[PDB]
Amino acid sequence: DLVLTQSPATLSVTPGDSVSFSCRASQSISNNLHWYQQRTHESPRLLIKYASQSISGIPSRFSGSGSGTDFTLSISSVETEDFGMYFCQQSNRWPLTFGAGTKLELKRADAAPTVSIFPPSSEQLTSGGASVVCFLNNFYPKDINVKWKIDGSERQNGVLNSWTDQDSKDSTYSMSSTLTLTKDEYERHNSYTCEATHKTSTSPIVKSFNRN
Amino acid sequence: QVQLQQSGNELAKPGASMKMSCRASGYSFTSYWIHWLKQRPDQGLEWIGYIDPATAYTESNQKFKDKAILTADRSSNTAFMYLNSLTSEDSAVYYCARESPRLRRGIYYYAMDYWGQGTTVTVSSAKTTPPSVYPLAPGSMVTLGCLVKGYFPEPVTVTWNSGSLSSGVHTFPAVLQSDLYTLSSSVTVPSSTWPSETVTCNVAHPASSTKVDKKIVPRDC
């Protein structure tokens with residue numbers, strides 16, 4: 001029952017900045033704590049062991065400190081190859097456990113999502129299926145909530161959501177949400193709505209259509 | 001020049017059993033423990049256990065005691081891990097990693113210094129099913145789409161106009177549901193080029209050896 005808590009889950013920054021990730025233990029684990037870095041498409045890589053001992057070729061900007069129940073990993077002057085996920089691991093007792101991670105992403109100006117909704121295509125209805133798709137493209141920050149409404153009501157099931165990773169060119173995120181129905185259900189109702197809430201608007205961002 | 005090479009990705013039907021491999025090279029295979037970790041889609045890392053090749057001694061996470069079995073083979077410089085009763089929750093990427101040099105005799109860091117590339121595993125009872133490609137037509141810029149539904153297994157290769165259209169494209173990662181995959185892709189073009197000029201998405205699913213072209217035509221209703 002030794003829980004490791006990493007905060008914050010996401011750290012949005014610009015190259016040249018300094019950051020410090022926190023990793024807290026629910027019990028004193030002395031200095032038995034290591035840090036790992038995981039860039040996309042790569043496996044984890046050991047950065048620091050025993051809270052503060054840096055590994056062979058680890059750039060000097062990576063510095064770990066801490067003891068007992070509080071540990072901190074700092075990066076002074078973040079470079080672009082430092083973007084990724086960072087995990088802490090306790091080695092105090094069994095089983096060995098990791099924190100949930102902290103993602104370091106590239107900051108940029110807020111951007112409202114461009115939303116598009118598409119009714120089912122005839123080609124799919126004829127097969128007895130009904131998939132309504134909603135694209136939410138190029139927004140920032142990452143946090144976004146999408147809700148589906150059928151005739152002013154909420155549908156929790158049959159919803160498939162997928163997100164792209166931060167774009168290399170403009171650094172925004174994108175998402176698509178599909179609500180999959182029955183050619184039947186789809187025909188009992190008339191109004192279909194894609195509803196989103198994002199930092200860029202205090203009121204819901206909505207896109208809708210009636211099958212008329 | 002230390003290196004850990006894991007077996008290739010794999011599909012498996014539920015209830016089945018599986019055995020992955022981790023071949024070592026670059027250092028004395030018997031001098032170091034080999035750990036096994038699982039990384040779940042939400043990125044969460046779990047420690048499964050470790051094997052000491054020099055002893056065959058094993059230490060495992062209480063959570064995978066009767067689910068995972070570790071063994072090694074000195075003759076082949078390879079560690080193995082057997083997963084039993086493969087359910088859906090067992091779909092994830094699995095890693096083997098080396099324990100770093102000891103502090104002193106019998107005293108370790110429990111810090112992994114060299115990792116394998118990872119071996120993905122998907123537990124689905126589906127057959128190599130080609131996908132159904134549906135066009136997404138709207139009802140200054142215009143956004144069109146293609147829904148690639150019900151395929152297996154990954155991957156699919158979506159392109160727009162055979163590649164002539166590369167700008168303003170977003171292809172979402174595939175999501176598995178009901179043992180079947182579903183992907184979608186969007187493209188945004190100037191409203192002064194559609195429907196005037198033709199736009200079509202080309203979907204290629206190698207596993208079925210099926211290639212498909214779907215033209216995006218405006219819905220007249």
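Computed values, structure above
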| quantity | calculated |
| --- | --- |
| Net charge over other residues, Cβ less than 12 angstrom from the Cβ of B:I51 (K, R count +1; D, E count -1) | -2 |
| Per-residue average of Cβ from other chains inside 10 Å of B:169-175 | 5 |
| From phi via Karplus (6.51, -1.76, 1.60), per-residue ³J(HN,Hα) for segment B:159-170 in Hz, x at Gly/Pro | 9, 10, 6, 6, x, 4, 10, 10, 8, x, 9, 9 |
| Under 16 Å from A:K149, Cα to Cα: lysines that are on another chain or at least 8 residues apart | A:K207 |
| Kirkwood Rh, Cα atoms: Rg over Rh of segment A:109-211 | 1.01 |
| Local net charge near B:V123, Cβ-Cβ under 15 Å (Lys/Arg +1, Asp/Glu -1) | +1 |
| Spread of Cα-to-Cα distances over 20 Å intervals beginning at zero, given as percent, for the protein assembly as shown | 22, 49, 27, 2 |
| In Hz, Karplus ³J(HN,Hα) per residue of segment B:91-101 (6.51, -1.76, 1.60; θ = phi - 60°; x = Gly, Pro) | 7, 4, 9, 10, 10, 10, 8, 8, 7, 6, x |
| Set of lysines near B:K67 by C-alpha distance (under 18 Å), chain-local residues within fewer than 8 positions excluded | B:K13, B:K19, B:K38 |
| Segment B:1-125 - Rg (one decimal) and Dmax (whole number), Cα, Å | 14.1, 48 |
| 10 Å Cβ neighbours from other chains, averaged over peptide B:45-51 | 4 |
| By average C-beta atoms within 10 angstrom, highest first, the peptides A:181-190, B:118-127 | B:118-127, A:181-190 |
| Amide H contacts of A:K107 (H built 1.01 Å from N, under 5 Å, at least 5 apart or other chain) | A:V13, A:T14 |
| Distance in nm between pseudo-label sites at B:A204 and A:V159 (7 Å out along the Cβ direction from Cα) | 3.6 |
| Dipole moment magnitude, nearest 20 debye, the protein assembly as shown about Cα centre, only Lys, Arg, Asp, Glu C-beta charged | 540 |
| Ratio of Rg to Rh over segment A:1-150 (Cα coordinates, Kirkwood Rh, two decimals) | 1.16 |
| Average other protein chain Cβ within 10 Å of Cβ, residues B:108-121 | 5 |
| Placed amide H near A:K147: partners under 5 Å, 5+ positions off or other chain | A:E195, A:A196 |
| Highest-first arrangement of B:209-217, B:91-99, A:118-126, where packing means the average Cβ count within 10 Å | B:91-99, A:118-126, B:209-217 |
| Histogram of C-alpha separations across chain B, 5 Å bin width, % | 1, 6, 13, 14, 12, 10, 9, 8, 8, 6, 5, 3, 2, 1, 0, 0 |
| Protection proxy ranking, peptides A:57-63, B:2-8, average beta carbon neighbours within 10 Å, highest first | B:2-8, A:57-63 |
| Sites A:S20 and B:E59 - FRET efficiency at Förster radius 22 Å, r taken between beta-carbons, to 0.05 | 0.10 |
| Charge tally in the Cβ shell below 11 Å around B:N61, where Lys, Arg are +1 and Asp, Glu are -1, B:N61 excluded | +2 |
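Every number in this text was worked out from the coordinates using simple rules, so none of it is lab data. Heads up, the Cβs are rebuilt from the backbone with ideal geometry, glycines too, and the neighbour counts pull from every protein chain shown.
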